[PDB]
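What follows is input21.csv (CSV, N, CA and C atoms).
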chain,number,residue,atom,x,y,z
I,158,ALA,N,-71.4,26.8,-34.0
I,158,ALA,CA,-72.3,26.2,-32.9
I,158,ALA,C,-71.7,25.1,-32.2
I,159,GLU,N,-70.5,24.6,-32.6
I,159,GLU,CA,-69.8,23.4,-32.0
I,159,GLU,C,-69.3,24.0,-30.7
I,160,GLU,N,-69.7,23.4,-29.6
I,160,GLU,CA,-69.3,23.8,-28.3
I,160,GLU,C,-67.8,23.9,-28.1
I,161,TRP,N,-67.1,23.0,-28.8
I,161,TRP,CA,-65.7,23.0,-28.8
I,161,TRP,C,-64.9,23.9,-29.7
I,162,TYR,N,-65.5,24.6,-30.6
I,162,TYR,CA,-64.8,25.5,-31.5
I,162,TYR,C,-64.7,26.9,-30.9
I,163,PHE,N,-63.5,27.4,-30.8
I,163,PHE,CA,-63.3,28.7,-30.2
I,163,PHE,C,-62.7,29.8,-31.1
I,164,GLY,N,-62.8,29.5,-32.4
I,164,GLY,CA,-62.3,30.5,-33.4
I,164,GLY,C,-60.9,30.8,-33.3
I,165,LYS,N,-60.6,32.1,-33.5
I,165,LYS,CA,-59.2,32.6,-33.5
I,165,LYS,C,-58.6,32.9,-32.1
I,166,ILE,N,-59.1,32.3,-31.1
I,166,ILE,CA,-58.5,32.4,-29.7
I,166,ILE,C,-57.0,32.1,-29.8
I,167,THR,N,-56.2,33.0,-29.1
I,167,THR,CA,-54.8,32.8,-29.2
I,167,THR,C,-54.3,31.6,-28.5
I,168,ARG,N,-53.1,31.2,-28.8
I,168,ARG,CA,-52.5,30.1,-28.0
I,168,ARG,C,-52.4,30.4,-26.6
I,169,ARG,N,-52.0,31.6,-26.2
I,169,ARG,CA,-51.9,31.9,-24.8
I,169,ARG,C,-53.2,31.9,-24.1
I,170,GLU,N,-54.3,32.5,-24.7
I,170,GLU,CA,-55.6,32.5,-24.1
I,170,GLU,C,-56.2,31.1,-24.0
I,171,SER,N,-55.9,30.2,-25.0
I,171,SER,CA,-56.4,28.9,-24.9
I,171,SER,C,-55.7,28.1,-23.7
I,172,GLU,N,-54.4,28.4,-23.5
I,172,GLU,CA,-53.8,27.7,-22.4
I,172,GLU,C,-54.3,28.2,-21.0
I,173,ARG,N,-54.6,29.5,-20.9
I,173,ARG,CA,-55.1,30.0,-19.7
I,173,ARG,C,-56.5,29.4,-19.4
I,174,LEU,N,-57.3,29.1,-20.5
I,174,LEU,CA,-58.6,28.5,-20.3
I,174,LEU,C,-58.5,27.0,-19.9
I,175,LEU,N,-57.6,26.3,-20.6
I,175,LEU,CA,-57.5,24.9,-20.4
I,175,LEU,C,-56.7,24.5,-19.2
I,176,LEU,N,-55.9,25.3,-18.6
I,176,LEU,CA,-55.1,25.0,-17.5
I,176,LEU,C,-55.9,25.0,-16.1
I,177,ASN,N,-57.1,25.4,-16.2
I,177,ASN,CA,-57.9,25.5,-14.9
I,177,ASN,C,-57.9,24.1,-14.3
I,178,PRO,N,-57.5,23.9,-13.0
I,178,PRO,CA,-57.5,22.7,-12.3
I,178,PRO,C,-58.8,21.9,-12.2
I,179,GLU,N,-60.0,22.6,-12.5
I,179,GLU,CA,-61.2,21.9,-12.4
I,179,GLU,C,-61.5,21.2,-13.8
I,180,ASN,N,-60.6,21.5,-14.8
I,180,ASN,CA,-60.9,20.8,-16.0
I,180,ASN,C,-60.3,19.4,-16.0
I,181,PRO,N,-61.1,18.4,-16.3
I,181,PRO,CA,-60.5,17.1,-16.2
I,181,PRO,C,-59.6,16.8,-17.4
I,182,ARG,N,-58.8,15.8,-17.3
I,182,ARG,CA,-57.8,15.4,-18.3
I,182,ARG,C,-58.6,15.3,-19.6
I,183,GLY,N,-58.1,15.9,-20.7
I,183,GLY,CA,-58.7,15.8,-21.9
I,183,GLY,C,-59.7,16.9,-22.3
I,184,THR,N,-59.8,18.0,-21.5
I,184,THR,CA,-60.6,19.1,-21.8
I,184,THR,C,-59.9,19.7,-23.1
I,185,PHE,N,-60.7,20.2,-24.0
I,185,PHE,CA,-60.1,20.6,-25.2
I,185,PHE,C,-60.9,21.7,-26.0
I,186,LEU,N,-60.3,22.2,-27.0
I,186,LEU,CA,-60.9,23.2,-27.8
I,186,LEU,C,-60.2,23.1,-29.2
I,187,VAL,N,-60.9,23.6,-30.2
I,187,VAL,CA,-60.3,23.7,-31.5
I,187,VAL,C,-60.3,25.1,-31.8
I,188,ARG,N,-59.1,25.6,-32.4
I,188,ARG,CA,-59.0,27.0,-32.7
I,188,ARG,C,-58.4,27.1,-34.1
I,189,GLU,N,-58.5,28.3,-34.6
I,189,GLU,CA,-58.1,28.6,-36.0
I,189,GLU,C,-56.9,29.6,-36.0
I,190,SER,N,-56.1,29.5,-37.0
I,190,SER,CA,-55.0,30.4,-37.2
I,190,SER,C,-55.6,31.8,-37.3
I,191,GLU,N,-54.9,32.8,-36.8
I,191,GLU,CA,-55.6,34.1,-37.0
I,191,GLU,C,-55.6,34.6,-38.4
I,192,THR,N,-54.6,34.3,-39.2
I,192,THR,CA,-54.5,34.7,-40.6
I,192,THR,C,-55.1,33.7,-41.6
I,193,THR,N,-54.8,32.4,-41.4
I,193,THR,CA,-55.2,31.4,-42.4
I,193,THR,C,-56.5,30.7,-42.0
I,194,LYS,N,-57.6,31.1,-42.7
I,194,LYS,CA,-58.9,30.5,-42.5
I,194,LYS,C,-58.7,29.0,-42.9
I,195,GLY,N,-59.4,28.1,-42.1
I,195,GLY,CA,-59.3,26.7,-42.4
I,195,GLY,C,-58.1,26.0,-41.8
I,196,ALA,N,-57.1,26.7,-41.2
I,196,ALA,CA,-55.9,26.1,-40.6
I,196,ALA,C,-56.2,26.0,-39.1
I,197,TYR,N,-56.4,24.7,-38.6
I,197,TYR,CA,-56.9,24.5,-37.2
I,197,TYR,C,-55.9,23.8,-36.3
I,198,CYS,N,-56.1,24.0,-35.0
I,198,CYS,CA,-55.3,23.4,-34.0
I,198,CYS,C,-56.2,22.8,-33.0
I,199,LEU,N,-55.8,21.7,-32.4
I,199,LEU,CA,-56.5,21.1,-31.3
I,199,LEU,C,-55.7,21.3,-30.1
I,200,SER,N,-56.3,22.0,-29.1
I,200,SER,CA,-55.5,22.3,-27.8
I,200,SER,C,-56.2,21.4,-26.7
I,201,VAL,N,-55.4,20.7,-26.0
I,201,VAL,CA,-55.9,19.7,-25.0
I,201,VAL,C,-55.2,19.7,-23.7
I,202,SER,N,-56.0,19.6,-22.6
I,202,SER,CA,-55.3,19.6,-21.3
I,202,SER,C,-54.9,18.2,-20.9
I,203,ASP,N,-53.8,18.1,-20.2
I,203,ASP,CA,-53.4,16.8,-19.8
I,203,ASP,C,-52.7,16.9,-18.5
I,204,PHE,N,-52.4,15.8,-17.9
I,204,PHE,CA,-51.7,15.8,-16.6
I,204,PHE,C,-50.8,14.6,-16.4
I,205,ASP,N,-49.7,14.8,-15.8
I,205,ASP,CA,-48.8,13.6,-15.5
I,205,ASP,C,-47.9,14.1,-14.3
I,206,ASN,N,-47.2,13.2,-13.7
I,206,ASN,CA,-46.4,13.7,-12.6
I,206,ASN,C,-45.1,14.3,-12.9
I,207,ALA,N,-44.8,14.5,-14.2
I,207,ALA,CA,-43.6,15.1,-14.6
I,207,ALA,C,-43.9,16.6,-14.9
I,208,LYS,N,-44.8,16.8,-15.8
I,208,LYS,CA,-45.3,18.2,-16.2
I,208,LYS,C,-46.4,18.7,-15.4
I,209,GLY,N,-47.1,17.9,-14.6
I,209,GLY,CA,-48.3,18.4,-13.9
I,209,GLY,C,-49.3,18.8,-14.9
I,210,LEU,N,-50.2,19.7,-14.6
I,210,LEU,CA,-51.2,20.2,-15.5
I,210,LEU,C,-50.5,20.9,-16.7
I,211,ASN,N,-50.8,20.4,-17.9
I,211,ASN,CA,-50.2,21.0,-19.1
I,211,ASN,C,-51.1,21.0,-20.3
I,212,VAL,N,-50.8,21.8,-21.3
I,212,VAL,CA,-51.6,21.8,-22.5
I,212,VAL,C,-50.8,21.4,-23.7
I,213,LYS,N,-51.3,20.5,-24.5
I,213,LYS,CA,-50.7,20.0,-25.7
I,213,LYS,C,-51.5,20.6,-26.9
I,214,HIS,N,-50.7,21.1,-27.9
I,214,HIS,CA,-51.3,21.7,-29.1
I,214,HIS,C,-50.9,20.8,-30.3
I,215,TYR,N,-51.9,20.4,-31.1
I,215,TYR,CA,-51.7,19.6,-32.3
I,215,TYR,C,-52.2,20.4,-33.5
I,216,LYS,N,-51.3,20.5,-34.5
I,216,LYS,CA,-51.7,21.1,-35.7
I,216,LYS,C,-52.7,20.1,-36.4
I,217,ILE,N,-53.8,20.6,-36.9
I,217,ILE,CA,-54.7,19.7,-37.7
I,217,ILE,C,-54.3,20.0,-39.1
I,218,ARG,N,-53.6,19.0,-39.7
I,218,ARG,CA,-53.1,19.0,-41.0
I,218,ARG,C,-54.2,18.7,-42.1
I,219,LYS,N,-54.0,19.2,-43.2
I,219,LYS,CA,-55.0,19.0,-44.3
I,219,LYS,C,-54.3,18.3,-45.5
I,220,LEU,N,-54.9,17.3,-46.0
I,220,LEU,CA,-54.3,16.6,-47.2
I,220,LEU,C,-54.8,17.4,-48.4
I,221,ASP,N,-54.0,17.4,-49.5
I,221,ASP,CA,-54.4,18.1,-50.7
I,221,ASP,C,-55.7,17.5,-51.2
I,222,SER,N,-55.8,16.2,-51.1
I,222,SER,CA,-57.0,15.5,-51.6
I,222,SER,C,-58.2,15.8,-50.7
I,223,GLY,N,-58.0,16.7,-49.7
I,223,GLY,CA,-59.1,17.0,-48.8
I,223,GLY,C,-58.8,16.1,-47.6
I,224,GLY,N,-59.4,16.4,-46.5
I,224,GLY,CA,-59.2,15.6,-45.3
I,224,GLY,C,-58.4,16.3,-44.2
I,225,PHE,N,-58.6,15.8,-43.0
I,225,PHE,CA,-57.9,16.4,-41.8
I,225,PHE,C,-57.2,15.3,-41.0
I,226,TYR,N,-56.1,15.6,-40.4
I,226,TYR,CA,-55.5,14.6,-39.5
I,226,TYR,C,-54.6,15.3,-38.5
I,227,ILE,N,-54.4,14.7,-37.3
I,227,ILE,CA,-53.4,15.1,-36.4
I,227,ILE,C,-52.2,14.2,-36.4
I,228,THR,N,-52.4,13.0,-36.9
I,228,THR,CA,-51.2,12.1,-37.1
I,228,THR,C,-51.6,11.5,-38.5
I,229,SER,N,-50.6,11.4,-39.4
I,229,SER,CA,-50.8,11.0,-40.8
I,229,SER,C,-51.5,9.6,-41.0
I,230,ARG,N,-51.3,8.7,-40.1
I,230,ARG,CA,-51.9,7.3,-40.2
I,230,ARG,C,-53.4,7.3,-40.0
I,231,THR,N,-54.0,8.3,-39.5
I,231,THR,CA,-55.4,8.4,-39.2
I,231,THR,C,-56.1,9.6,-39.8
I,232,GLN,N,-56.7,9.5,-41.0
I,232,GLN,CA,-57.3,10.5,-41.8
I,232,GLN,C,-58.8,10.7,-41.6
I,233,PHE,N,-59.3,11.9,-41.6
I,233,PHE,CA,-60.7,12.2,-41.4
I,233,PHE,C,-61.2,13.1,-42.5
I,234,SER,N,-62.5,12.9,-42.8
I,234,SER,CA,-63.1,13.7,-43.9
I,234,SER,C,-63.6,15.1,-43.4
I,235,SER,N,-63.6,15.3,-42.0
I,235,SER,CA,-64.1,16.6,-41.5
I,235,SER,C,-63.6,16.7,-40.0
I,236,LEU,N,-63.6,18.0,-39.5
I,236,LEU,CA,-63.3,18.3,-38.2
I,236,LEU,C,-64.1,17.5,-37.2
I,237,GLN,N,-65.4,17.5,-37.4
I,237,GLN,CA,-66.3,16.8,-36.5
I,237,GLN,C,-66.0,15.3,-36.5
I,238,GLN,N,-65.6,14.7,-37.6
I,238,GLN,CA,-65.3,13.3,-37.6
I,238,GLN,C,-64.1,13.1,-36.7
I,239,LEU,N,-63.1,13.9,-36.9
I,239,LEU,CA,-61.8,13.8,-36.1
I,239,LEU,C,-62.1,14.0,-34.6
I,240,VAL,N,-62.8,15.1,-34.2
I,240,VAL,CA,-63.1,15.3,-32.8
I,240,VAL,C,-63.9,14.2,-32.2
I,241,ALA,N,-64.9,13.7,-33.0
I,241,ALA,CA,-65.7,12.6,-32.5
I,241,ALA,C,-64.9,11.4,-32.2
I,242,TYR,N,-64.0,11.1,-33.1
I,242,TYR,CA,-63.1,9.9,-33.0
I,242,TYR,C,-62.2,10.0,-31.7
I,243,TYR,N,-61.5,11.1,-31.5
I,243,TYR,CA,-60.6,11.2,-30.4
I,243,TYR,C,-61.3,11.4,-29.1
I,244,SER,N,-62.6,11.7,-29.1
I,244,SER,CA,-63.4,11.7,-27.9
I,244,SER,C,-63.8,10.3,-27.5
I,245,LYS,N,-63.7,9.4,-28.4
I,245,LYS,CA,-63.9,7.9,-28.1
I,245,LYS,C,-62.7,7.1,-27.8
I,246,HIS,N,-61.6,7.5,-28.4
I,246,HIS,CA,-60.3,6.8,-28.3
I,246,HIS,C,-59.1,7.7,-28.2
I,247,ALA,N,-58.2,7.5,-27.3
I,247,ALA,CA,-57.0,8.3,-27.2
I,247,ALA,C,-56.2,8.0,-28.5
I,248,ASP,N,-56.1,6.7,-28.8
I,248,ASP,CA,-55.4,6.2,-30.0
I,248,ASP,C,-54.1,6.9,-30.3
I,249,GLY,N,-53.3,7.1,-29.3
I,249,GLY,CA,-52.0,7.7,-29.4
I,249,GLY,C,-51.9,9.0,-28.6
I,250,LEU,N,-53.0,9.7,-28.4
I,250,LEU,CA,-53.0,10.9,-27.5
I,250,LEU,C,-52.8,10.3,-26.1
I,251,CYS,N,-52.4,11.2,-25.2
I,251,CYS,CA,-52.2,10.6,-23.8
I,251,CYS,C,-53.5,10.3,-23.2
I,252,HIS,N,-54.6,10.9,-23.7
I,252,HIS,CA,-55.9,10.7,-23.1
I,252,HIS,C,-56.9,11.0,-24.1
I,253,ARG,N,-58.1,10.4,-24.1
I,253,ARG,CA,-59.1,10.7,-25.1
I,253,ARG,C,-59.7,12.1,-24.7
I,254,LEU,N,-60.3,12.8,-25.7
I,254,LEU,CA,-60.9,14.1,-25.4
I,254,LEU,C,-62.1,13.8,-24.5
I,255,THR,N,-62.3,14.7,-23.6
I,255,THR,CA,-63.4,14.6,-22.7
I,255,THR,C,-64.3,15.8,-22.7
I,256,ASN,N,-64.2,16.7,-21.7
I,256,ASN,CA,-65.0,17.9,-21.7
I,256,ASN,C,-64.7,19.0,-22.7
I,257,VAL,N,-65.8,19.5,-23.3
I,257,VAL,CA,-65.5,20.6,-24.2
I,257,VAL,C,-65.0,21.7,-23.2
I,258,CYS,N,-64.1,22.5,-23.6
I,258,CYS,CA,-63.6,23.5,-22.7
I,258,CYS,C,-64.7,24.5,-22.3
I,259,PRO,N,-64.9,24.7,-21.0
I,259,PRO,CA,-65.9,25.6,-20.5
I,259,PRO,C,-65.5,27.1,-20.5
T,1,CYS,N,-45.0,28.7,-29.4
T,1,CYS,CA,-43.8,27.7,-29.3
T,1,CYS,C,-44.2,26.4,-29.9
T,2,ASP,N,-44.1,25.3,-29.1
T,2,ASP,CA,-44.4,24.0,-29.7
T,2,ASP,C,-45.6,23.2,-29.1
T,3,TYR,N,-45.7,22.4,-31.0
T,3,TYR,CA,-46.5,21.5,-31.6
T,3,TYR,C,-45.7,20.2,-31.8
T,4,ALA,N,-47.4,19.4,-30.3
T,4,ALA,CA,-47.1,18.0,-30.0
T,4,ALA,C,-47.4,17.1,-31.2
T,5,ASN,N,-46.9,15.9,-31.2
T,5,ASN,CA,-47.1,15.0,-32.2
T,5,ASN,C,-47.1,13.6,-31.6
T,6,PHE,N,-47.7,12.6,-32.3
T,6,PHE,CA,-47.7,11.2,-31.7
T,6,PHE,C,-47.6,10.3,-32.9
T,7,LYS,N,-47.1,9.1,-32.6
T,7,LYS,CA,-47.0,8.0,-33.7
T,7,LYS,C,-48.4,7.4,-34.0

Translate the structure of the given file into structure tokens.
Amino acid sequence: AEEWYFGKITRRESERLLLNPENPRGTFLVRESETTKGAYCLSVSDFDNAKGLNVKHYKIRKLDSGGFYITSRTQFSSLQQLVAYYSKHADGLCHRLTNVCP
Amino acid sequence: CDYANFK
């Protein structure tokens, strides 16, 4: 029911969705590996004058002790905590997460 | 292909 979770959408279909010019910087979605349940990626739209509209994909790593992270220095207890956090602060990303991908 | 990363 998470507006931003798109299940097993492929990398290519996720870029086609996110690359739409009406998506503001930071539009994003979370997707899952097709084979590995629980293995997630955060796909996000961005823009700069070098690459123009582009999509960045971050593997959402899992610690053995449980937990999720896209950069090891910032650990979360769940996907919702992580998405909530980067929606408030870029904290290293080029831009904070904004619109859930439509 | 490729997976972004940041410090």

**Request:** Mind listing whatever residues come within 12 Å of the point (-55.9, 29.9, -23.5)? Use only C-alpha atoms, file coordinates, and give them as JSON, numbers by chain.
**Result:** {"I": [163, 164, 165, 166, 167, 168, 169, 170, 171, 172, 173, 174, 175, 176, 177, 184, 185, 186, 187, 188, 199, 200, 201, 202, 211, 212, 213, 214, 258, 259]}

Would you mind exporting N, CA and C atoms of the selected residues as a PDB file, in the frame of the given file?
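The file below, again.pdb, is the result:
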ATOM      1  N   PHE I 163     -63.500  27.400 -30.800  1.00  0.00           N
ATOM      2  CA  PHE I 163     -63.300  28.700 -30.200  1.00  0.00           C
ATOM      3  C   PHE I 163     -62.700  29.800 -31.100  1.00  0.00           C
ATOM      4  N   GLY I 164     -62.800  29.500 -32.400  1.00  0.00           N
ATOM      5  CA  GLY I 164     -62.300  30.500 -33.400  1.00  0.00           C
ATOM      6  C   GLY I 164     -60.900  30.800 -33.300  1.00  0.00           C
ATOM      7  N   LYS I 165     -60.600  32.100 -33.500  1.00  0.00           N
ATOM      8  CA  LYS I 165     -59.200  32.600 -33.500  1.00  0.00           C
ATOM      9  C   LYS I 165     -58.600  32.900 -32.100  1.00  0.00           C
ATOM     10  N   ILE I 166     -59.100  32.300 -31.100  1.00  0.00           N
ATOM     11  CA  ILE I 166     -58.500  32.400 -29.700  1.00  0.00           C
ATOM     12  C   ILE I 166     -57.000  32.100 -29.800  1.00  0.00           C
ATOM     13  N   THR I 167     -56.200  33.000 -29.100  1.00  0.00           N
ATOM     14  CA  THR I 167     -54.800  32.800 -29.200  1.00  0.00           C
ATOM     15  C   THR I 167     -54.300  31.600 -28.500  1.00  0.00           C
ATOM     16  N   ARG I 168     -53.100  31.200 -28.800  1.00  0.00           N
ATOM     17  CA  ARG I 168     -52.500  30.100 -28.000  1.00  0.00           C
ATOM     18  C   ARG I 168     -52.400  30.400 -26.600  1.00  0.00           C
ATOM     19  N   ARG I 169     -52.000  31.600 -26.200  1.00  0.00           N
ATOM     20  CA  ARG I 169     -51.900  31.900 -24.800  1.00  0.00           C
ATOM     21  C   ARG I 169     -53.200  31.900 -24.100  1.00  0.00           C
ATOM     22  N   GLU I 170     -54.300  32.500 -24.700  1.00  0.00           N
ATOM     23  CA  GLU I 170     -55.600  32.500 -24.100  1.00  0.00           C
ATOM     24  C   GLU I 170     -56.200  31.100 -24.000  1.00  0.00           C
ATOM     25  N   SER I 171     -55.900  30.200 -25.000  1.00  0.00           N
ATOM     26  CA  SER I 171     -56.400  28.900 -24.900  1.00  0.00           C
ATOM     27  C   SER I 171     -55.700  28.100 -23.700  1.00  0.00           C
ATOM     28  N   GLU I 172     -54.400  28.400 -23.500  1.00  0.00           N
ATOM     29  CA  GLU I 172     -53.800  27.700 -22.400  1.00  0.00           C
ATOM     30  C   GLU I 172     -54.300  28.200 -21.000  1.00  0.00           C
ATOM     31  N   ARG I 173     -54.600  29.500 -20.900  1.00  0.00           N
ATOM     32  CA  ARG I 173     -55.100  30.000 -19.700  1.00  0.00           C
ATOM     33  C   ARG I 173     -56.500  29.400 -19.400  1.00  0.00           C
ATOM     34  N   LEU I 174     -57.300  29.100 -20.500  1.00  0.00           N
ATOM     35  CA  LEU I 174     -58.600  28.500 -20.300  1.00  0.00           C
ATOM     36  C   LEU I 174     -58.500  27.000 -19.900  1.00  0.00           C
ATOM     37  N   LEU I 175     -57.600  26.300 -20.600  1.00  0.00           N
ATOM     38  CA  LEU I 175     -57.500  24.900 -20.400  1.00  0.00           C
ATOM     39  C   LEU I 175     -56.700  24.500 -19.200  1.00  0.00           C
ATOM     40  N   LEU I 176     -55.900  25.300 -18.600  1.00  0.00           N
ATOM     41  CA  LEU I 176     -55.100  25.000 -17.500  1.00  0.00           C
ATOM     42  C   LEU I 176     -55.900  25.000 -16.100  1.00  0.00           C
ATOM     43  N   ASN I 177     -57.100  25.400 -16.200  1.00  0.00           N
ATOM     44  CA  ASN I 177     -57.900  25.500 -14.900  1.00  0.00           C
ATOM     45  C   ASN I 177     -57.900  24.100 -14.300  1.00  0.00           C
ATOM     46  N   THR I 184     -59.800  18.000 -21.500  1.00  0.00           N
ATOM     47  CA  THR I 184     -60.600  19.100 -21.800  1.00  0.00           C
ATOM     48  C   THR I 184     -59.900  19.700 -23.100  1.00  0.00           C
ATOM     49  N   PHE I 185     -60.700  20.200 -24.000  1.00  0.00           N
ATOM     50  CA  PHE I 185     -60.100  20.600 -25.200  1.00  0.00           C
ATOM     51  C   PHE I 185     -60.900  21.700 -26.000  1.00  0.00           C
ATOM     52  N   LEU I 186     -60.300  22.200 -27.000  1.00  0.00           N
ATOM     53  CA  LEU I 186     -60.900  23.200 -27.800  1.00  0.00           C
ATOM     54  C   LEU I 186     -60.200  23.100 -29.200  1.00  0.00           C
ATOM     55  N   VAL I 187     -60.900  23.600 -30.200  1.00  0.00           N
ATOM     56  CA  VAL I 187     -60.300  23.700 -31.500  1.00  0.00           C
ATOM     57  C   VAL I 187     -60.300  25.100 -31.800  1.00  0.00           C
ATOM     58  N   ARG I 188     -59.100  25.600 -32.400  1.00  0.00           N
ATOM     59  CA  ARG I 188     -59.000  27.000 -32.700  1.00  0.00           C
ATOM     60  C   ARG I 188     -58.400  27.100 -34.100  1.00  0.00           C
ATOM     61  N   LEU I 199     -55.800  21.700 -32.400  1.00  0.00           N
ATOM     62  CA  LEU I 199     -56.500  21.100 -31.300  1.00  0.00           C
ATOM     63  C   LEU I 199     -55.700  21.300 -30.100  1.00  0.00           C
ATOM     64  N   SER I 200     -56.300  22.000 -29.100  1.00  0.00           N
ATOM     65  CA  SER I 200     -55.500  22.300 -27.800  1.00  0.00           C
ATOM     66  C   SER I 200     -56.200  21.400 -26.700  1.00  0.00           C
ATOM     67  N   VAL I 201     -55.400  20.700 -26.000  1.00  0.00           N
ATOM     68  CA  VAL I 201     -55.900  19.700 -25.000  1.00  0.00           C
ATOM     69  C   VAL I 201     -55.200  19.700 -23.700  1.00  0.00           C
ATOM     70  N   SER I 202     -56.000  19.600 -22.600  1.00  0.00           N
ATOM     71  CA  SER I 202     -55.300  19.600 -21.300  1.00  0.00           C
ATOM     72  C   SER I 202     -54.900  18.200 -20.900  1.00  0.00           C
ATOM     73  N   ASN I 211     -50.800  20.400 -17.900  1.00  0.00           N
ATOM     74  CA  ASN I 211     -50.200  21.000 -19.100  1.00  0.00           C
ATOM     75  C   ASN I 211     -51.100  21.000 -20.300  1.00  0.00           C
ATOM     76  N   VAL I 212     -50.800  21.800 -21.300  1.00  0.00           N
ATOM     77  CA  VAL I 212     -51.600  21.800 -22.500  1.00  0.00           C
ATOM     78  C   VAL I 212     -50.800  21.400 -23.700  1.00  0.00           C
ATOM     79  N   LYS I 213     -51.300  20.500 -24.500  1.00  0.00           N
ATOM     80  CA  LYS I 213     -50.700  20.000 -25.700  1.00  0.00           C
ATOM     81  C   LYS I 213     -51.500  20.600 -26.900  1.00  0.00           C
ATOM     82  N   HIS I 214     -50.700  21.100 -27.900  1.00  0.00           N
ATOM     83  CA  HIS I 214     -51.300  21.700 -29.100  1.00  0.00           C
ATOM     84  C   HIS I 214     -50.900  20.800 -30.300  1.00  0.00           C
ATOM     85  N   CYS I 258     -64.100  22.500 -23.600  1.00  0.00           N
ATOM     86  CA  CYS I 258     -63.600  23.500 -22.700  1.00  0.00           C
ATOM     87  C   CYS I 258     -64.700  24.500 -22.300  1.00  0.00           C
ATOM     88  N   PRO I 259     -64.900  24.700 -21.000  1.00  0.00           N
ATOM     89  CA  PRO I 259     -65.900  25.600 -20.500  1.00  0.00           C
ATOM     90  C   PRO I 259     -65.500  27.100 -20.500  1.00  0.00           C
TER      91      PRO I 259
END

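Between CA of residue 180 in chain I and CA of residue 256 in chain I lies a distance of 7.6 Å.
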
Each residue of chain I lying at most 9 Å from chain T should get a row with its shortest atom-to-atom pair and the distance in Å to one decimal, counting only C-alpha atoms; could you produce that, ordered by chain and increasing number, as JSON lines?
{"residue": "I:213", "atom": "CA", "partner": "T:4", "partner_atom": "CA", "distance": 6.0}
{"residue": "I:214", "atom": "CA", "partner": "T:3", "partner_atom": "CA", "distance": 5.4}
{"residue": "I:215", "atom": "CA", "partner": "T:4", "partner_atom": "CA", "distance": 5.4}
{"residue": "I:216", "atom": "CA", "partner": "T:3", "partner_atom": "CA", "distance": 6.6}
{"residue": "I:227", "atom": "CA", "partner": "T:5", "partner_atom": "CA", "distance": 7.6}
{"residue": "I:228", "atom": "CA", "partner": "T:6", "partner_atom": "CA", "distance": 6.5}
{"residue": "I:229", "atom": "CA", "partner": "T:7", "partner_atom": "CA", "distance": 8.6}
{"residue": "I:230", "atom": "CA", "partner": "T:7", "partner_atom": "CA", "distance": 8.2}
{"residue": "I:249", "atom": "CA", "partner": "T:6", "partner_atom": "CA", "distance": 6.0}
{"residue": "I:250", "atom": "CA", "partner": "T:6", "partner_atom": "CA", "distance": 6.8}

**Request:** Figure out the distance between CA of residue 221 in chain I and CA of residue 189 in chain I, please, to one decimal in Å.
**Result:** 18.4 Å

**Request:** Work out how far apart CA of residue 255 in chain I and atom C of residue 183 in chain I are and give it in Å to one decimal.
**Result:** 4.4 Å

**Request:** Run DSSP on the backbone of this structure and report the residues of chain I it assigns to alpha helix (DSSP H), as a PyMOL selection string.
**Result:** chain I and resi 168-175+236-245

May I have the selected residues written with N, CA and C atoms, as a compact mmCIF listing (two decimals), keeping the file's coordinate frame?
# COMPACT_ATOMS: atom_id res chain seq x y z
N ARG I 168 -53.10 31.20 -28.80
CA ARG I 168 -52.50 30.10 -28.00
C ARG I 168 -52.40 30.40 -26.60
N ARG I 169 -52.00 31.60 -26.20
CA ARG I 169 -51.90 31.90 -24.80
C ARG I 169 -53.20 31.90 -24.10
N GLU I 170 -54.30 32.50 -24.70
CA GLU I 170 -55.60 32.50 -24.10
C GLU I 170 -56.20 31.10 -24.00
N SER I 171 -55.90 30.20 -25.00
CA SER I 171 -56.40 28.90 -24.90
C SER I 171 -55.70 28.10 -23.70
N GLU I 172 -54.40 28.40 -23.50
CA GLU I 172 -53.80 27.70 -22.40
C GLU I 172 -54.30 28.20 -21.00
N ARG I 173 -54.60 29.50 -20.90
CA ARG I 173 -55.10 30.00 -19.70
C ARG I 173 -56.50 29.40 -19.40
N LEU I 174 -57.30 29.10 -20.50
CA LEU I 174 -58.60 28.50 -20.30
C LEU I 174 -58.50 27.00 -19.90
N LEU I 175 -57.60 26.30 -20.60
CA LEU I 175 -57.50 24.90 -20.40
C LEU I 175 -56.70 24.50 -19.20
N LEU I 236 -63.60 18.00 -39.50
CA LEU I 236 -63.30 18.30 -38.20
C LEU I 236 -64.10 17.50 -37.20
N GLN I 237 -65.40 17.50 -37.40
CA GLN I 237 -66.30 16.80 -36.50
C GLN I 237 -66.00 15.30 -36.50
N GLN I 238 -65.60 14.70 -37.60
CA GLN I 238 -65.30 13.30 -37.60
C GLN I 238 -64.10 13.10 -36.70
N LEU I 239 -63.10 13.90 -36.90
CA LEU I 239 -61.80 13.80 -36.10
C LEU I 239 -62.10 14.00 -34.60
N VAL I 240 -62.80 15.10 -34.20
CA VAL I 240 -63.10 15.30 -32.80
C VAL I 240 -63.90 14.20 -32.20
N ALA I 241 -64.90 13.70 -33.00
CA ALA I 241 -65.70 12.60 -32.50
C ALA I 241 -64.90 11.40 -32.20
N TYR I 242 -64.00 11.10 -33.10
CA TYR I 242 -63.10 9.90 -33.00
C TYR I 242 -62.20 10.00 -31.70
N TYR I 243 -61.50 11.10 -31.50
CA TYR I 243 -60.60 11.20 -30.40
C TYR I 243 -61.30 11.40 -29.10
N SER I 244 -62.60 11.70 -29.10
CA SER I 244 -63.40 11.70 -27.90
C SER I 244 -63.80 10.30 -27.50
N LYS I 245 -63.70 9.40 -28.40
CA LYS I 245 -63.90 7.90 -28.10
C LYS I 245 -62.70 7.10 -27.80

**Request:** Determine which residues of chain I DSSP labels as strand (DSSP E or B) from the backbone of this structure, then write them out as JSON, numbers by chain.
**Result:** {"I": [162, 185, 186, 187, 188, 189, 197, 198, 199, 200, 201, 202, 203, 204, 205, 209, 210, 211, 212, 213, 214, 215, 216, 217, 218, 219, 225, 226, 227, 228, 231, 232, 233, 248, 250, 257]}
